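Peer 1: The structure that follows is given in the form of structure tokens.
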Amino acid sequence: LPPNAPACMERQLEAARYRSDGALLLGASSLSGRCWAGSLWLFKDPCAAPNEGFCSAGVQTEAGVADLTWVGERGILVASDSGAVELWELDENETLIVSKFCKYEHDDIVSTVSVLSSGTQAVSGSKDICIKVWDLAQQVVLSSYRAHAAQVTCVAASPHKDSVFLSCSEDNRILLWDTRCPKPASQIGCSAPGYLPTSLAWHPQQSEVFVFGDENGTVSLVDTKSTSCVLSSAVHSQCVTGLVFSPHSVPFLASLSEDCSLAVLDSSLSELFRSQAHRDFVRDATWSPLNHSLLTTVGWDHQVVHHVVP
Amino acid sequence: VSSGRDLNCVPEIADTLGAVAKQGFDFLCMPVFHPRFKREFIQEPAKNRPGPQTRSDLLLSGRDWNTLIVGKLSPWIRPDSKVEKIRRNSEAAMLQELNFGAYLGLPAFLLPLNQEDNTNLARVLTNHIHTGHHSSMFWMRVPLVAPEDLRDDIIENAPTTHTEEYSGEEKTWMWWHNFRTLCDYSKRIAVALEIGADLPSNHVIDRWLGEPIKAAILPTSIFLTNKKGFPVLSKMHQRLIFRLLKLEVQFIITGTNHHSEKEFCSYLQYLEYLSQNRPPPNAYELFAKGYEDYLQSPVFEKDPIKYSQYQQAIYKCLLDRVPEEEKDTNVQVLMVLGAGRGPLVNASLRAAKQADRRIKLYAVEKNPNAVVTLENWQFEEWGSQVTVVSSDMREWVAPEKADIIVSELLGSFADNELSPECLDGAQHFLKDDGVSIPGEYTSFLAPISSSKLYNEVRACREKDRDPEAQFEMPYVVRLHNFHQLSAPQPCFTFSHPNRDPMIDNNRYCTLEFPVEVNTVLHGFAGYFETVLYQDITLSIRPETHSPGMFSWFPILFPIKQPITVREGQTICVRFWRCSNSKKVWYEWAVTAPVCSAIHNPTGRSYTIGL
Ligand SMILES: COc1ccc([C@@]2([C@]34C[C@H]5C[C@H](C[C@H](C5)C3)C4)N=C(N)N(C)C2=O)cc1
């Protein structure tokens, strides 16, 4: 293993992110035992994961990792339990992971992070009910929003619009944001207040439609202009923790859940693929930019499964 | 100041506790299991998750778990969730976290109240309390303002409720009230009041008066920045801190350091600065420090103001009865009823020297133990001037009728509640123009709200007697964590001497108390005013309270079942002073807004022996 990197990796894997070159970024957190800390890992060989001895770069953070997002090609944005948003810069030789900034602004655990389309700004959702717009260059908070009434579950930046981003919380609210408005938040509500929203995913091509998964295991396809649900399917038996689109021109939707199962859906939300490979909670999923048929998933069972979607 | 640090992130339990102890925190509020560690107990393969489930108990000593660690329920545990699967998992996890807290031996465990429905959260907690009797406390996290009424006005289509909502602003108290009512007023369930950025209206903060608050959660976000650059609080926020310090609550600091240039110790330094700069406690506050809210079923020589008034009353009575030209020929015969240790006898002698008049004293006392003190006093100091009477007053015939009869209303040697009956049976050995000290006394009633006191009376259930006899009897109590709902109104008055042809001490009073606030009636506070002579008076009524009089505390008449009172509603109380030939008792009932049972009928639970 490289220098400064820890000898052992934490059992619970929270995040898996594919870099445009093909490398895999891993986010592990200790949720049981003597030390409840976190760690950041880089793998140029995705098949070598989760083995510590065969990694490109590795580092240990002060606390566990709740969410992770790539900042360009060398920056790593960390959503920590300490209530701090961390930025970890990759080495020139890409062998070490150095801490650029660690700002404690959120009063509770930072549960979700999403980098805005410019790559110079990012949004963070925490259990303190607050949402913060960060400036990655000056290392400061531009605006502190408190629109929700409960803990912010998920934050998702618009694919190309910088002012636009989505946020959901345990207060049954889905908010469409726009920093260009004096009142940025806009409650994109449904025909009836059903189950709590848990996951958010923007469509790559259609900048007006999005998908959200609820706590009952249902994934819904909603258009922003139509402001009402038209199509939904009971994908899982437990809470939908994540939703990720493929890099295809016509993308496939990968649904993640607490029922320890993966599911790949089309435009009509119909099931195409399913994997029971994980014996624990499925956390993150990323498609390979080199092979659009390959999809990598991680869980709390310390498993790094590589799937072949037909 | 007893204070603690709240943290939802603890990577190293040994290093984190050492760091918060360095800042000056007496305890630590931390999660027993990782907040993000979501457990499954019903569905496979997540059900068969390999352990451990949390950090080992050996990582801290038993002494540290019992005094330095306060438990915290995981935020994902939602027993009242609309999804059956989350509901069942949260049920099993809540028990797992509560049982682990009792296994550690934690003095307190934190559970949140962040919605209207917490019925299943109450059910699971009540079951944990009834599964083995223990001393472990449960602090309910309730904010002063709900987060829905605290949110920023930034949602375009859904703006904040700008309209007036009197009952809507008090919704957070109803969350706590419904929860504790479901748990049947358990002494193991207390309030951990969270203070928001902007404080609510004074009526909302007044709902928490009489509530069992054991902790005050203060976030770093509510702290303002002073001209120097240190964390401070607004004058209105400081007002609540002074009120909370008197209640002796444990202030808890939550959230990350916003004043990053200064350590977490600066937040605590300001709270300790407020306690050292608080108003000083008066003679009444300094006397009963450990007697606060402790009720006793129905010390006196240590009150100099009480006897100074009696001395002035006798001094004024003597001058008005005998003029300057008769300061040697006319001798005034004074009769001290219930002389006790002789403080009223000494005050009668001090007044005669002050008025420069001739007096003949008679120290009447039935208690033979006090007669020993009086007979030793009338031999070593008083002499032939004082004649100690220990004989049965009904049989005993006075050598001459008395000019002034001096007596105390309440005391260990006084007749207390039987003051009218005893003075009526003593006015026969008093002259036709005779003066009684006190000459008049009036009782006062006021409706009170105290969930803390109602629970203290509820705990007074004894074996070999009625299970509701504790509510059918008055209590001498130092009114601390309570709330007076309306101004005290006069109940009944007695005048002495009473030259009425038919002297009847039986009373029946109807009092209507207008209440301008939403509340819960728990009982009635009894006060009194007494006229010794002319302008010289003694009073325990808060409006006309005698300065420095700690000898007498207010009495409390509780009710079996608490009554909900709305804004604008009137509390109608019916009080009866019942007098038989063998006993005297008090009967009371509530008629508005709702009816209650007549308390203590025939004096079954409480009676004063005539
Ligand atoms: C409405 O029913 C009440 C019944 C009793 C009381 C009082 C006395 C005291 C005193 C003067 C008055 C008559 C007698 C003698 C009783 C009031 N008894 C006590 N212990 N206290 C503190 C009182 O004020 C007050 C209200």
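First to last, the protein sequences are chains A and B. Residue numbering for the first sequence follows the numbering used here, beginning at 1 and increasing consecutively. Residue numbering for the second sequence follows the numbering used here, beginning at 1001 and increasing consecutively. Where a beta carbon is used, it is the ideal one built from N, C-alpha and C, also for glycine.
If the cut is a Cβ gap below 8 Å, which residues of chain B does residue 254 of chain A touch?
Peer 2: Numbered from 1 along the first sequence, position 254 holds the residue referred to as residue 254 of chain A. Those within 8 Å of residue 254 of chain A in chain B number zero; the least Cβ separation is about 19 Å.
Peer 1: Verify the contact flag: residue 1445 of chain B, CB atom, against every heavy atom of ligand 1, threshold strictly below 6 Å.
Peer 2: Stepping through the second sequence from its first residue, residue 1445 of chain B is reached at position 445. Residue 1445 of chain B Cβ: within cutoff of ligand 1.
Peer 1: Looking at C-beta atoms only, is the number of pairs between the stretch 1555-1566 of chain B and the stretch 1459-1474 of chain B that lie closer than 8 Å three or more?
Peer 2: Result yes; three or more Cβ-Cβ pairs closer than 8 Å.
Peer 1: Which same chain residues, not among the five before or five after residue 1286 of chain B, have their C-beta less than 6 Å away from its C-beta?
Peer 2: Along the second sequence, one-based indexing puts residue 1286 of chain B at 286. Answer for residue 1286 of chain B: no residue qualifies.
Peer 1: Does at least one heavy atom of ligand 1 sit under 6 Å from the Cβ of residue 1422 of chain B?
Peer 2: In the second sequence, residue 1422 of chain B corresponds to position 422, counting from 1. Every heavy atom of ligand 1 is 6 Å or more from the Cβ of residue 1422 of chain B, so no.
Peer 1: Of the residues that make up the stretch 265-280 of chain A, which ones have a beta carbon closer than 7 Å to any beta carbon in chain B?
Peer 2: Result list: 279, 280.
Peer 1: Could you list which residues in chain B have their beta carbon closer than 8 Å to that of residue 175 of chain A, in chain order?
Peer 2: By one-based count along the first sequence, residue 175 of chain A stands at place 175. Residues of chain B passing the Cβ test: 1155.
Peer 1: For residue 294 of chain A, which residues of its own chain have a beta-carbon under 6 Å away from its beta-carbon, when the five flanking residues on both sides are left out?
Peer 2: The residue labelled residue 294 of chain A in the question sits at position 294 within the first sequence. For residue 294 of chain A, where only same-chain residues beyond five positions count, the Cβ hits under 6 Å are 288.
Peer 1: Taking a contact to mean a Cβ-Cβ separation below 7 Å, would you say residue 1031 of chain B touches residue 129 of chain A in this structure?
Peer 2: Translated into the one-based positions of the second sequence, residue 1031 of chain B becomes position 31. Translated into the one-based positions of the first sequence, residue 129 of chain A becomes position 129. In this structure, residue 129 of chain A does not lie closer than 7 Å to residue 1031 of chain B by Cβ.
Peer 1: Consult DSSP for residue 1128 of chain B and reduce its assignment to one of helix, strand or coil.
Peer 2: Here the question's residue 1128 of chain B lines up with position 128 in the second sequence. Note: residue 1128 of chain B maps to helix in three-state DSSP.
Peer 1: Taking residue 1196 of chain B as the reference, which of B:1269, B:1553, B:1141, B:1261 has the closest Cα?
Peer 2: In the second sequence, the residue the question calls residue 1196 of chain B occupies position 196. For residue 1196 of chain B, the nearest C-alpha among the options comes from B:1141.
Peer 1: What residues are listed by DSSP as bridge partners for residue 244 of chain A?
Peer 2: Residue mapping note: residue 244 of chain A aligns to position 244 of the first sequence, counting from 1. Paired residue(s): A:254.
Peer 1: Should residue 1396 of chain B be labelled buried (16 or more other beta-carbon atoms within 10 Å of its own) or exposed?
Peer 2: Reading the second sequence from its first residue, position 396 is the one you call residue 1396 of chain B. Classification of residue 1396 of chain B: exposed, given that the 10 Å Cβ count is below 16.
Peer 1: Residues of chain B with a CB under 7 Å from the CB of residue 18 of chain A: which are they?
Peer 2: One-based indexing of the first sequence puts residue 18 of chain A at position 18. Within 7 Å Cβ-Cβ: nothing; residue 18 of chain A doesn't reach chain B, min ~24 Å.
Peer 1: Residues in the same chain with beta-carbon distance under 6 Å from residue 236 of chain A, minus the five sequence neighbours each way, listed in chain order, please.
Peer 2: Counted from its first residue, the first sequence places residue 236 of chain A at position 236. Excluding sequence neighbours, residue 236 of chain A sits near 217, 257, 259.
Peer 1: What's the gap between the Cα of residue 1026 of chain B and the Cα of residue 1019 of chain B?
Peer 2: Walking along the second sequence from the start, residue 1026 of chain B turns up at place 26. Walking along the second sequence from the start, residue 1019 of chain B turns up at place 19. Computed Cα separation, rounded: 12 Å.
Peer 1: Is there a Cβ of chain B sitting closer than 7 Å to that of residue 260 of chain A, yes or no?
Peer 2: Taking the first sequence and counting its residues from 1, one reaches residue 260 of chain A at position 260. Yes, its Cβ sits closer than 7 Å to a Cβ of chain B.
Peer 1: Nearest by alpha-carbon distance to residue 1388 of chain B: which of B:1394, B:1370, B:1403, B:1089 is it?
Peer 2: The residue you call residue 1388 of chain B lines up with position 388 of the second sequence. Selected option, being the one with the closest Cα: B:1370.
Peer 1: Given that a residue counts as buried once 16 or more other Cβ atoms are within 10 Å of its Cβ, and exposed if not, what is residue 1379 of chain B?
Peer 2: Residue mapping note: residue 1379 of chain B aligns to position 379 of the second sequence, counting from 1. With fewer than 16 Cβ atoms within 10 Å of its Cβ, residue 1379 of chain B is classed as exposed.
Peer 1: Bridge partners of residue 1006 of chain B, per DSSP?
Peer 2: Taking the first residue of the second sequence as 1, we reach residue 1006 of chain B at position 6. For residue 1006 of chain B, which the question treats as bridged, DSSP gives the partners B:1029.
Peer 1: Start and end of the beta strand (DSSP E) containing residue 210 of chain A?
Peer 2: Along the first sequence, one-based indexing puts residue 210 of chain A at 210. First-last of the beta strand (DSSP E) with residue 210 of chain A: 209-214.
Peer 1: Measure from the C-beta of residue 183 of chain A to each C-beta in chain B and report whether the shortest distance is under 7 Å.
Peer 2: Start at 1 with the first residue of the first sequence, and residue 183 of chain A comes out as number 183. Answer yes: the Cβ-Cβ gap between residue 183 of chain A and chain B drops below 7 Å somewhere.
Peer 1: Roughly how many angstroms separate the alpha carbons of residue 228 of chain A and residue 220 of chain A, rounded to a whole number?
Peer 2: For the purposes of this step, residue 228 of chain A is taken as residue 228 along the first sequence, with counting starting at 1. For the purposes of this step, residue 220 of chain A is taken as residue 220 along the first sequence, with counting starting at 1. Going from the Cα of residue 228 of chain A to the Cα of residue 220 of chain A covers about 10 Å.
Peer 1: Excluding the 5 residues flanking residue 1255 of chain B on each side, which residues of the same chain have their C-beta closer than 7 Å to its C-beta?
Peer 2: Taking the first residue of the second sequence as 1, we reach residue 1255 of chain B at position 255. So the qualifying residues of the chain are 1219, 1220, 1221.
Peer 1: Roughly how many whole angstroms lie between the Cα atoms of residue 1593 of chain B and residue 1512 of chain B?
Peer 2: The residue labelled residue 1593 of chain B in the question sits at position 593 within the second sequence. The residue labelled residue 1512 of chain B in the question sits at position 512 within the second sequence. The alpha-carbon atoms of residue 1593 of chain B and residue 1512 of chain B are separated by roughly 10 Å.
Peer 1: Are the beta-carbon atoms belonging to residue 43 of chain A and residue 24 of chain A less than 7 Å from one another?
Peer 2: Against the first sequence, residue 43 of chain A aligns to sequence position 43. Against the first sequence, residue 24 of chain A aligns to sequence position 24. It is a contact, given that the beta carbons lie within the stated cut-off.
Peer 1: Can at least three beta-carbon pairs, one atom from the stretch 1438-1449 of chain B and one from the stretch 1332-1351 of chain B, be found at a separation below 8 Å?
Peer 2: Contact fails: fewer than three Cβ-Cβ distances are below 8 Å.
Peer 1: From the beta carbon of residue 102 of chain A, is the nearest beta carbon of chain B less than 7 Å away?
Peer 2: Stepping through the first sequence from its first residue, residue 102 of chain A is reached at position 102. For residue 102 of chain A, the answer is no, since every Cβ of chain B falls outside 7 Å of its Cβ.
Peer 1: Here's a check: name, in chain order, each residue in its chain whose Cβ is nearer than 8 Å to the Cβ of residue 71 of chain A, leaving out the five neighbours to either side.
Peer 2: Locating residue 71 of chain A in the first sequence gives position 71, counting from the first residue. Closer than 8 Å at Cβ, skipping near neighbours: 77, 87, 115, 119, 122, 136.
Peer 1: Going by C-alpha distance, which of A:206, A:33, A:45, A:53 is nearest residue 19 of chain A?
Peer 2: For the purposes of this step, residue 19 of chain A is taken as the residue at position 19 of the first sequence. The residue with the shortest Cα to Cα distance from residue 19 of chain A is A:45.
Peer 1: Taking C-beta pairs closer than 7 Å, name the residues in chain B that residue 70 of chain A reaches, listed in chain order.
Peer 2: Within the first sequence, numbered from 1, the residue matching residue 70 of chain A stands at position 70. Going along chain B, no residue has its Cβ under 7 Å from residue 70 of chain A, so there is no contact; the nearest lies around 22 Å.
Peer 1: Where in the stretch 1399-1473 of chain B do unbroken runs of the alpha helix (DSSP H), each at least 4 residues long, occur, reported from the N-terminal end onward?
Peer 2: Qualifying alpha helix (DSSP H) stretches, in chain order: 1419-1424, 1451-1458.
Peer 1: Is residue 1555 of chain B close to ligand 1? I mean its beta-carbon at under 6 Å from any heavy atom of the ligand.
Peer 2: As a working mapping, residue 1555 of chain B is identified with position 555 in the second sequence. At least one heavy atom of ligand 1 is nearer than 6 Å to the Cβ of residue 1555 of chain B, so yes.
Peer 1: Our contact map puts residue 1137 of chain B next to residue 1214 of chain B with C-beta atoms below 8 Å; I'd like the distance itself, whole angstroms only.
Peer 2: Taking the first residue of the second sequence as 1, we reach residue 1137 of chain B at position 137. Taking the first residue of the second sequence as 1, we reach residue 1214 of chain B at position 214. With a Cβ gap of about 7 Å, residue 1137 of chain B and residue 1214 of chain B count as contacting.
Peer 1: Using a Cβ-based criterion (distance less than 6 Å to any ligand heavy atom), does residue 1308 of chain B qualify as near ligand 1?
Peer 2: The residue you call residue 1308 of chain B lines up with position 308 of the second sequence. No, the beta carbon of residue 1308 of chain B sits no closer than 6 Å to any heavy atom of ligand 1.
Peer 1: State the start and end residues of the unbroken beta strand (DSSP E) segment that holds residue 1343 of chain B.
Peer 2: For the purposes of this step, residue 1343 of chain B is identified with residue 343 of the second sequence, where counting begins at 1. Careful: residue 1343 of chain B lies outside any beta strand (DSSP E), inside the alpha helix (DSSP H) at 1343-1355.
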